[PDB]
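Asks: first chunk of the complex, coordinates as they sit in the assembly:
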Amino acid sequence: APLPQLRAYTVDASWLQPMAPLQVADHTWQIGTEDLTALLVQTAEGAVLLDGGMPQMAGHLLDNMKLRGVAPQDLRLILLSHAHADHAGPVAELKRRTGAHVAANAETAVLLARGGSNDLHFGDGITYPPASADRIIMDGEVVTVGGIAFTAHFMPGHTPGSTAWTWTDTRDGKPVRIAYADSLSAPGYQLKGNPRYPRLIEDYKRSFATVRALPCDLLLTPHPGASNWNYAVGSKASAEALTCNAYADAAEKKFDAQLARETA
Amino acid sequence: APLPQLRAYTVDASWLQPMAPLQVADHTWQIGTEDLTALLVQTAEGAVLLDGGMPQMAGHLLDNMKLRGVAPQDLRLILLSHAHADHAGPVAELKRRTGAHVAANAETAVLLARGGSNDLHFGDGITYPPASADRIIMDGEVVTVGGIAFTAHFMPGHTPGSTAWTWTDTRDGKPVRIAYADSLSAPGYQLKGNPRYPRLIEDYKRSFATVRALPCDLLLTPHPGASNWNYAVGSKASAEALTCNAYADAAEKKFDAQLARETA
């Protein structure tokens, strides 16, 4: 009776479906797959990437950056929503091949440094290559690259290091306030009395209110379905996108229903 | 045409076949599986573990340590042959549950710190949970635990951090010199002109001579077949075990044959 074999982290086929860059605003492009968000922001002094997707998406991200006229050495900074394998997957490889720096808060930094292993809820099941954070950022800290200011908003819950990123772009000269908010889901998490996260419920609740108050004209999420984006349809991709209030309210109704079933 | 799914590191069934502790010498026990070596050394001041096997072997190692009357908090030190997933697999988990320290040279430390990712030859294919080395040891340095002195002998090749560990035990009061030598194989490695390892051939050759000169009355290897051990047969397990000279000579004949075919 041999011990079990290791099990690969395997996701939906659409999470790994490459797509050509889809323009969000004047400087902002979606360059990930159909169902995983990877945002490229092009400035006069370099490029900023927010999330990278799965581990095996590293080559596709660089191919899309080339299509945008962004050489590898032009990627200055990597920002993250949270350091799970399906959002921070290729960060280690991207650092080696681009010379970019990574900016994260302490919680995302320690999780990223151990490649997602020893997860509070998933154990060692979703491990990925580790990377180091070069800059630690605090709640409300501004990160400026090429004139574009990125403000971090901590929203703990899905991970302790979960972070929303806001910045103002333009739509043909007219300013548009973009908010890239992290996941508000708890897929199979023990919510009440979790010895690895004793104040988990207080963090989620406080984060629901955080997402509501975000300065937002256009919302995006790591999983585009969470905010009702549809990257595959091109132009009408943002047609049915939720507001910040709708997104945090829908997430909280699922949180409470899950919290109530957990007591049952 | 979606990008490929991740692939799990899957090994032979016998590498994951648990076995009861097999006594090597008065203080030395094999507590791994049939085809993967994990050596436990019991002293008056604590226990020393050399290698741990696969990632999923952590529970079995602790079960065997209990059978030997070794509580988790009695494991003082973890030593490694090399930091590949099939030898350093459970080190991270074992540190959390035992309070042990890990001693390795700088090369094994940096590879262990990134969980085997970015391997010189295997890329990110054999990743495992990362761990940190608490003590860096130099070539020829002695590590003493409970009166038992462990001398490290660097033998780079299979990995840059590959290490042989020697110590003197007893066999009913009569001293027996044990040498635990690391792998001398190069499974699918590019040997000549490897941009990630330009002096690889000089390291292997120098390591063949290193293994020959080791003070050794009884030889063990991470893979027991390399030194012709057979853990499954219990008593006669060491019956056909190779000497140090036989082991390094057989490995070098395979190295040269492989080096010659590589030029062809």
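Replies: Yep, it's here. Numbers count the residues shown, from 1 in each chain, chains lettered A, B, ... in the order given.
Asks: the strands in the stretch 1-150 of chain A, which residues?
Replies: A:22-23, A:28-30, A:39-43, A:46-50, A:75-79, A:101-104, A:135-136, A:142-145, A:148-154 (DSSP state E, counting those that start in this stretch).
Asks: so what secondary structure elements neighbour the third one?
Replies: Counting contacts by 3 or more C-beta pairs under 8 Å, 6 or more residues apart in numbering or on different chains; DSSP states H and E, strand A:39-43 packs against strand A:28-30, strand A:46-50. Bear in mind the C-beta positions are built from the backbone N, C-alpha and C, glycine included.
Asks: tabulate the ones you listed in CSV, adding columns for distance to chain B.
Replies: What follows is the helices and strands packed on strand A:39-43, written out as CSV (distance: least, C-beta to the nearest C-beta, whole Å):
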stretch, distance to chain B
strand A:28-30, 16
strand A:46-50, 18
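Asks: show me what contacts the residue nearest to residue A:54 when sequence neighbours are not counted?
Replies: Excluding the flanking residues, the one nearest residue A:54 by C-beta to C-beta, 6 or more residues apart in numbering or on different chains is residue A:89, at 4.4 Å. Neighbour list for residue A:89: A:52-58, A:128 [criterion: C-beta atoms under 8 Å, 6 or more residues apart in numbering or on different chains].
Asks: any chance of the helices and strands packed on strand A:39-43 in a markdown table, plus mean neighbour count and distance to residue A:158?
Replies: Shown next, in a markdown table, are those (neighbours: other C-beta atoms under 10 Å in any protein chain shown; distance: least, C-beta to C-beta, whole Å):
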| stretch | mean neighbour count | distance to residue A:158 |
| --- | --- | --- |
| strand A:28-30 | 23 | 21 |
| strand A:46-50 | 23 | 16 |
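Asks: put chain C on too:
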Amino acid sequence: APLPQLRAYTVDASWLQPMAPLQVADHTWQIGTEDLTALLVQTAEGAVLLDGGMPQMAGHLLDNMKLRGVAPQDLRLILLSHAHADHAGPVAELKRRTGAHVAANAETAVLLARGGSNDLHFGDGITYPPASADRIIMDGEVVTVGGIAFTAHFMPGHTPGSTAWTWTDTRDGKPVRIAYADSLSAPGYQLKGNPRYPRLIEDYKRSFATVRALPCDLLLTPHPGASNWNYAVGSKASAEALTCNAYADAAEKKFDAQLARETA
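Replies: Chain C, in position alongside the others:
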């Protein structure tokens, strides 16, 4: 005109004045100096150390542990108030010589990992030897060693990783609730509009309320004067010690006065 020389972190003479172990409760001893707290908790399964003081206090701590009959290999765990040089100074050296593990939250972990350098307020002026955290702990998480449960309470402010530690001891069989609360001072900090800490004032205020609600029969602080301890007088050391309310209220009155002068 040569560039300036490096400047050593030099403290009051009394911060470096060794003292013999002073008993706080049945299992709890002060083993630091007259003006720097280092708490030793002796259990049936090992010892716990809370804070270590200055970098150069490592030998004195081990000398005092011996006086208590605690060998180096009996130190199981190191807990911290915050990772400044005058409280986490000897942690790196203590890990090497005792085999202890270190438990801290993510913020204290990242600061401890870079030896206090790049401090939010002090720059590189108070650097000390770096150490790694072996276990990351969350707010409200319980750490049990030898039956004694240690609960962490995050109180950000003096550092982002600032932590209060509570545990129940006994005083000749009668239980006594001990709270070791971290510093609530801001010596020379920019409080309002700090680009390295935009929500600093919200953290301090929330931490003042945290210290008030702590389950506490006897309060201790990293600097004993903050809670009106006097380690030098032996028996009457805790005679004039403040309550939790008195300590947080005195700290907040100094915070507000400082905040008001900062606007002036």
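Asks: ok chain C is loaded, check the contacts of residue A:89 again?
Replies: A:52-58, A:128.
Asks: if we use 10 Å, what do you get?
Replies: A:9, A:36, A:38, A:51-58, A:83, A:115-116, A:126, A:128-129, B:6 (C-beta atoms under 10 Å, 6 or more residues apart in numbering or on different chains).
Asks: quickly note the distance from residue A:45 to chain C.
Replies: Shown here: residue A:45 relative to chain C, a distance of 19 Å by C-beta to the nearest C-beta, to the nearest Å.
Asks: that residue and residue A:76 touch, don't they?
Replies: Yes - the criterion here is C-beta atoms under 10 Å, and residue A:45 meets it with residue A:76 at 7.2 Å.
Asks: what sits against whatever residue of the stretch 1-150 of chain A ends up closest to chain C?
Replies: Residue of the stretch 1-150 of chain A nearest chain C, by C-beta to the nearest C-beta: residue A:140 (3.4 Å). Neighbouring residues of residue A:140 by C-beta under 10 Å, 6+ apart: A:151-154, C:194-195, C:197-200, C:202.
Asks: any common contacting residues for residue A:45 and residue A:76?
Replies: A:145-146.
Asks: of the two, who's got more company?
Replies: residue A:76 (17 against 12; other C-beta atoms under 10 Å in any protein chain shown).
Asks: so who does residue A:135 touch?
Replies: Counting by C-beta under 10 Å, 6+ apart, residue A:135 has contacts A:77, A:101-104, A:109, A:141, A:143, C:118.
Asks: can you show me the helices along the stretch 101-250 of chain A?
Replies: Counting by DSSP state H, counting those that start in this stretch, one finds helices in the stretch 101-250 of chain A at the ranges A:106-113, A:200-212, A:244-263.
Asks: with the structure above as the base, add chain D:
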Amino acid sequence: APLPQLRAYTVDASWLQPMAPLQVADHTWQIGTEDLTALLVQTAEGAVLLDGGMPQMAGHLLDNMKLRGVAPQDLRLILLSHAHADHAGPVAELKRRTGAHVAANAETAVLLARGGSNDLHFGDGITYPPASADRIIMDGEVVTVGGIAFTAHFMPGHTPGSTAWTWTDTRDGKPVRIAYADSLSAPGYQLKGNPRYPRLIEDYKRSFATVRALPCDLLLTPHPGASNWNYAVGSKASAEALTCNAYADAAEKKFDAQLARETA
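Replies: Next up, chain D placed on what we already have:
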């Protein structure tokens, strides 16, 4: 009788004497101080810095890079001779302010990661802010930036991670082979029977032969006096510079004399 105060690492005044960039070859400039080498290599794709000097030299290095028309974000890579405080001092700060990556071997990486603390010979006496290596390089590995190839040559001794860097530049179109060799000194080291470095003498001897065989038309050293440079005299700075043979032979005669006095 209080414990001693901490002691600052204080060096000769000339080690901290700023100077204007001194041209070595077409692409290579000395931008450090009079007695500490910091080499800037300007390419079409960015800049390479070899060594940085003391911790407090970070601002001066950036001032000199500006004089050369090199903005902070143009610094692509930092290479090191060895990770002592007087050569790797400002590396941490330079990474934060330039976005450069650092390339070092495993030994220099682990020492740099702990800020020079726990030195094999100097203990914690010469600590500096820690930094992380982004790329691990092997002996003989080539690092190419902007067409300029940098080959590493390991020369252990002064530190285990000591490294010589060679590259071909031009002198008005005519190629000039530059070798930047690390220190070959052992100031106060225990040479024979050093428990922290049992094979120290074998490393130095092998390194003396390594420095002799280096492809070199013009030699430089971290301390310019070691190779008889005189940065202060401008034009005639390289007038009396030693060859590689003269440098390794003079170092070995001092090594043997020191080794012989150590036995006395």
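Asks: once more for the contacts of residue A:135, now including chain D?
Replies: Contacts of residue A:135 (C-beta under 10 Å, 6+ apart): A:77, A:101-104, A:109, A:141, A:143, C:118, D:95-96, D:99.
Asks: you'd agree residue A:88 is up against residue A:95?
Replies: No - taking contacts as C-beta under 10 Å, residue A:88 lies outside contact range of residue A:95: 11.2 Å.
Asks: identify the contacts common to these two.
Replies: A:78, A:102, A:131.
Asks: ok, these vs residue B:256, which is closest?
Replies: Distance to residue B:256, by C-beta to C-beta, is smallest for residue A:131 among the shared contacts of residue A:88 and residue A:95, at 39.0 Å.
Asks: which of the contacts of residue A:135 ranks first by neighbour count?
Replies: Counting by other C-beta under 10 Å, top hit in the contacts of residue A:135: residue A:104 with 28 neighbours.
Asks: tell me which residues touch that one, please.
Replies: A:78-80, A:82-83, A:88, A:91, A:110-113, A:131-137, A:152, A:161, A:163.
Asks: likewise for residue A:105?
Replies: Contacts of residue A:105 (C-beta under 10 Å, 6+ apart): A:80, A:83, A:133, A:136-139, A:141, A:152, A:154, A:156, A:160-163, C:106-107, C:110, C:160.
Asks: how about the longest strand that chain A contains as PDB, C-alpha atoms only?
Replies: The longest strand of chain A (DSSP state E) is strand A:163-171. The C-alpha trace of strand A:163-171 is given here as PDB (Å, rounded to 0.1, in the frame of the first residue of the first chain):
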ATOM      1  CA  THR A 163      -4.900  44.000  -1.900                       C
ATOM      2  CA  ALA A 164      -7.000  46.300  -4.100                       C
ATOM      3  CA  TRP A 165      -5.200  48.700  -6.400                       C
ATOM      4  CA  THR A 166      -6.600  51.900  -7.700                       C
ATOM      5  CA  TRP A 167      -5.400  54.400 -10.300                       C
ATOM      6  CA  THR A 168      -6.700  57.100 -12.600                       C
ATOM      7  CA  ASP A 169      -6.300  56.500 -16.300                       C
ATOM      8  CA  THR A 170      -7.900  58.300 -19.300                       C
ATOM      9  CA  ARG A 171     -10.400  57.400 -22.000                       C
END
